[PDB]
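Structural overview for review
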Amino acid sequence: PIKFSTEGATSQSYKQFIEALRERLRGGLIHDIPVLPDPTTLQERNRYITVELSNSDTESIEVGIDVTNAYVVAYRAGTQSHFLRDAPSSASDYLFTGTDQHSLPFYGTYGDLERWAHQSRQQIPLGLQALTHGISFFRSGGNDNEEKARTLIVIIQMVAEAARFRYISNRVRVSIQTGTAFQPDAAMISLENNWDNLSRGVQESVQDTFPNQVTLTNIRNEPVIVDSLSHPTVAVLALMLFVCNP
Ligand SMILES: NC(=O)c1cccnc1
């Protein structure tokens, strides 16, 4: 059980949490870049992990994560757990099996979460206070589905996206260090939207060239063409989705 506490959290305690998560998720290396396990050769008993997100010794939740794609597929508060509508069928066989499991009304995608939250990622603040607020809300068991979706958007980005992208983990680090919430910039959003694109480019590459060019967006809304392993933005990839072996 990997843990992160918001009580007196620091840039360092958050970084160590993300590092521990990255170490558990890594299935291997491709072109020196960590990659998640190949789902087709992964044993189901090794597929799902739990992360504990706590505000104090008395207030904590857990999130269940699919190691094949780093997706949050479920969360738990006490004796009750809740699974995303499109959770893999096997997720509930391994996660929170000693709870009453419930199906959430929305899919775990940004598309549906943003629809249910009535807010885009760009509009939802991130940082220690947003995470603290979300932990309390899930532990309280409130049935507001709009806030459930917003809370997952926060957790997903501060946990899963941070694990995937050094840019995002560092941005959240800065937020905790400075105690200043932030909204995801166009660079952060573009990375989230192109994780599988970048992973595929790296792994299908030939002579350091991506079969297909990936188009990212930088901080100032300008397109940045990415078609090779040497491209500076490629360094921000901490964990890749498995697409194919070389
Ligand atoms: N459900 C998730 O963890 C998720 C959703 C969208 C993008 N990345 C992760």
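What counts, and at which threshold
Residues numbered from 1 in each chain as written, not as in the entry; some residues may be left out. Heavy atoms only, no water. Residues with missing side-chain atoms left out of burial classes, pairs and counts. UniProt positions renumbered as here; feature names shortened; annotations may be inferred. Salt bridge = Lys/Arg side-chain N within 4 Å of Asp/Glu carboxyl O. Helix = DSSP H or I, 4+ residues; strand = E, 2+ residues; numbered from the N terminus. Buried < 20%, exposed > 50% of the residue type's maximum accessible area, 1.4 Å probe, protein only. Near = heavy atom within 4 Å. Polar contact = N/O pair within 3.5 Å; in protein donor to acceptor, adjacent residues only side chain to side chain. Areas by Shrake-Rupley, 256 points an atom, 1.4 Å probe, with all protein chains shown as cover. Nonpolar A, V, L, I, M, F, W, Y, C, P; charged D, E, K, R; others polar. Pairing = 2+ DSSP bridges.

Labelled according to the PDB entry, the protein chain appears under the name Abrin A-chain, originating from Abrus precatorius. In its PDB record the entry is named "Crystal Structure of Abrin A chain (Recombinant) in complex with Nicotinamide at 1.7 Angstroms". Under Catalytic activity (unreviewed entry), UniProt gives the following word-for-word description of the protein chain: "Endohydrolysis of the N-glycosidic bond at one specific adenosine on the 28S rRNA."

**Re the pattern of salt bridges**
Across all of its chains, the model carries eight salt bridges by this definition. We note a salt bridge from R164 to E161, for which the minimum N-O separation is 2.9 Å. Of this pair, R164 and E161 both sit in helix α5 (residues 145-164), three residues apart, which is roughly one turn of that helix. Among the residues examined, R164 registers a relative accessible area of 5% and is labelled buried. Taking relative accessible area as the criterion, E161 reaches 1% and is therefore assigned buried. Linking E204 and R200 is a salt bridge whose minimum nitrogen-to-oxygen distance equals 3.9 Å. For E204, a relative accessible area of 31% translates into the label partly exposed. Judged by relative accessible area, which is 40%, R200 ranks as partly exposed.

**Observations regarding the site of the ligand**
Close to the ligand lie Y71, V72, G108, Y110, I156, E161 and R164. Separating a nitrogen atom of the ligand from a backbone N or O atom of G108 is a distance of 3.0 Å. Separating a nitrogen atom of the ligand from a side-chain N or O atom of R164 is a distance of 3.0 Å. Bound to the protein, the ligand loses 96% of the 270 Å² it would expose on its own. The element contributing the most residues to the shell around the ligand is α5, with three residues. Residues of the shell around the ligand, tallied by class, amount to four nonpolar, one polar and two charged.

**A short note on the pairing of strand β9 (residues 209-217)**
The pairing of β9 with strand β10 (residues 223-228) spans five bridges and is antiparallel. For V214, the partnering residue across the bridge sits in β10 and is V226. Here β9 folds back onto β10, and the loop between the two strands holds five residues, one of which, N221, carries a positive phi near 65 degrees.

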